[PDB]
Amino acid sequence: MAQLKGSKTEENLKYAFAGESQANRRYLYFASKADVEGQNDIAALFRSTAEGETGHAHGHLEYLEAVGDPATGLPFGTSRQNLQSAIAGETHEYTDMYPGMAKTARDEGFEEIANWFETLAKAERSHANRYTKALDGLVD
Amino acid sequence: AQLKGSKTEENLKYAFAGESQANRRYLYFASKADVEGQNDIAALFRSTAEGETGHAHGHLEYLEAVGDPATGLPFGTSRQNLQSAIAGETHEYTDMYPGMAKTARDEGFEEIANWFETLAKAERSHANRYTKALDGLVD
Ligand SMILES: [Fe+3]
Ligand SMILES: [Fe+3]
Ligand SMILES: [Fe+3]
């Protein structure tokens, strides 16, 4: 638990959590590509492996509960804590991250990617708003 | 304008990492809600997680033009995807997880060291299954 704070192992858990999260997403993408190809056994293999990566990421997050949410630095655990962290993250995404990435895409000559980032800014704003209403009505 | 070597390429990789993590985080939060009996909050975290799956999917579609953010290798076809997955998993079981276990043991986190060692063994097994699948792929 707490002796983790400020260690290299803390940073390794965060890195491994990021890698495992991405591995799940990547393997599900690969599974859908296998679906389209009619490669049903390969698809099923990707999905089974992706499920293993979910368990791995879950374990990393269990350990990180001692130090804070890797996306925000905020405590996590209870639903009130979780909503507060998700709100903070989402708010940062819609106010700064995606609009900044949109502007840069546009200025580099990637109009469609800029429009995509703007679509995502709108999406995260809707997430942040829904989470806030949920927290506002929470009875714990 | 070429995506390869652009600031936008790097931003798509970063955004992909963020979106991937957001889905894992929100699913974890959904399980905490389930245990507390906050079933409406659980459903909101799951719904939101599904949105983040879409976002990650779209970032990956753009990154197909440049390479797999985990390995730098091409992806698209099952042959390419297996090859990339094998390369990533091999890095994790030979280098990443053993390095992390050594640091954890050195810092006195013995349980965590063993966790990373267990994961190294799991990724080796992943690599081996993907290699078998690639070997018999009808392509
Ligand atoms: Fe894993
Ligand atoms: Fe969101
Ligand atoms: Fe998102």
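Atoms within each ligand, like the ligands themselves, are counted from 1 in listed order. Convention: sequence-line order gives letters A, B, ...; per-chain numbering from 1. The figures here come from the full heavy-atom set of this structure, side chains too, leaving out hydrogens, waters and symmetry mates.
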Answer key: the N, O or S atom of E90(A) nearest to the Fe ion (ligand 2) is OE2
The atom of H127(A) among N, O or S that is nearest the Fe ion (ligand 2) is ND1
What N/O/S atom of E53(A) is the closest to the Fe ion (ligand 1)?
-> OE1
By atom name, which N, O or S atom of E123(B) is the nearest to the Fe ion (ligand 1)?
-> OE2
Check the angle between the aromatic planes of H55(B) and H127(A) and answer parallel, tilted or perpendicular using the 30° and 60° thresholds.
-> parallel
Assess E19(B): does it contribute an N, O or S atom lying under 2.8 Å from the Fe ion (ligand 3)?
-> yes
Does any N, O or S atom of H55(B), backbone or side chain, fall under 2.8 Å from the Fe ion (ligand 3)?
-> yes
Taking only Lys NZ, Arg NE, NH1 and NH2, and the carboxylate oxygens of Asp or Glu, determine whether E10(B) and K7(B) approach each other closer than 4.0 Å.
-> no
If you draw a 6.0 Å radius around CD in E110(B), do more than 12 non-hydrogen atoms from other residues or ligands fall strictly inside?
-> yes
Is the distance between the ring centroids of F117(A) and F110(A) less than 6.0 Å?
-> no
Mind checking whether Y63(A) and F17(A) have ring centres under 6.0 Å apart?
-> no
